[PDB]
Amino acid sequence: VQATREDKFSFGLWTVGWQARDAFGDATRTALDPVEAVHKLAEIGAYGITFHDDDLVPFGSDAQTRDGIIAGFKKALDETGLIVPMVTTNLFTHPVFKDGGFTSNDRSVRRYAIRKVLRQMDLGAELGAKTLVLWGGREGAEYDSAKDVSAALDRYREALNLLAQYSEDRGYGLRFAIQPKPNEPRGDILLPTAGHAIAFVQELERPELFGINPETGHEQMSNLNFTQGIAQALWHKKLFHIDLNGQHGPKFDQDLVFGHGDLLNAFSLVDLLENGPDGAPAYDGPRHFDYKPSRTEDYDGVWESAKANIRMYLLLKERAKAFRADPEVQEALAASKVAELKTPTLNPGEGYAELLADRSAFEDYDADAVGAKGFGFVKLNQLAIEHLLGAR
């Protein structure tokens, strides 16, 4: 197939730009020029590009340089038609953030971190970004007695309340998306799952401005069901953005191409995002790829891997639609009573009083006869997979 701008495929500058310096070895690729990145991505079908302040402008660039870089970057966008849907801030690389940005034990670091973000907000607003992604990669601990979690949540909240305040006052219209991750680089990161992140956001001052940006690999690092977590995020209406990639369970963060890790779950995820109610997608934001071209690859492998992300999503989309359109699947869905879950448990107007009065719901209920009937889930699963294999 072919990607259109309506597919809304976006990529971070740090994805195709990863030089491949891992925890155990040196970089295997030279630095990627941002203008070239813009050009290369425009060519493969991306509709937008994202970045961390520091991916674009080298940490400690004088005003002249910074200004210089931005203007060249704006031209490239101009020329290519790519947009900047989201921007983020690097609060994890520099040694000053070793104990965190917003929740560093050191108060001076917290103040500095806020300033660094305000500044990226400005650039973001100027480039037309709608979302500010916040990844607290250094928020956490290696040792339990080293971090007061309650105080850290207070400080995290305190910093976000301020960012919302500023954005609203400057009229930036940004939405904020917290990105949860269980560990790496800290032994344990605060807001470890999509769940914890949603619960937190609900405690902010203007909760309507905050949501989450879950990443496939992060939930899988804890062996959780990504599709199921996204289904909950959508239920809450907190899916502000999504990062797609691949992972092979609980181990270091792999950042593989989307669909190169848990293929079955990548299939069900695409199905959930696209085969939304009223035919339409359940999610309309950017389909952002936060992945890394393997260290064994050169620049050709890099563009090949960028294209693979798009091809995987579109191939899966195609099979998810065929799946839902199959009359035999329709028959299996019915036998499994998937849609019966959408009908309220109670009849309209019934409350506990009427439920208590219904002998058929308890006193005369034959639990044994109901318990003997199967749901036909295995057959339904087998049909889904045969659709994925293109065998039907």
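So that there is no doubt, residue numbering starts at 1 and follows the sequence shown.
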message: Comparing average C-alpha B factors as deposited, tell me which of 325 to 333 and 57 to 65 sits higher.
response: 57 to 65
task: Quick one: say whether 109 to 117 or 179 to 187 has the higher mean Cα B-factor in the deposited entry.
output: 109 to 117
message: Among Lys342, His39, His52, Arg29, where is the Cα B factor highest in this entry?
response: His39
message: Comparing recorded Cα B-factors across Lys251, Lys75, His196, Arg138, which one is largest?
response: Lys75
query: If you rank the chain by CA B-factor, which third does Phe24 end up in: lowest, middle or highest?
result: highest
statement: Sorting the chain's modelled residues by C-alpha B-factor and splitting them into thirds places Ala391 in the middle
message: Using only modelled residues of the chain, where does the Cα B factor of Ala152 rank: lowest third, middle third or highest third?
response: lowest
- request: Sorting the chain's modelled residues by C-alpha B-factor, tell me whether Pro85 ends up in the lowest, middle or highest third.
  value: middle
message: Going by the CA temperature factor in the PDB record, which third of the chain does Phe97 belong to: lowest, middle or highest?
response: middle
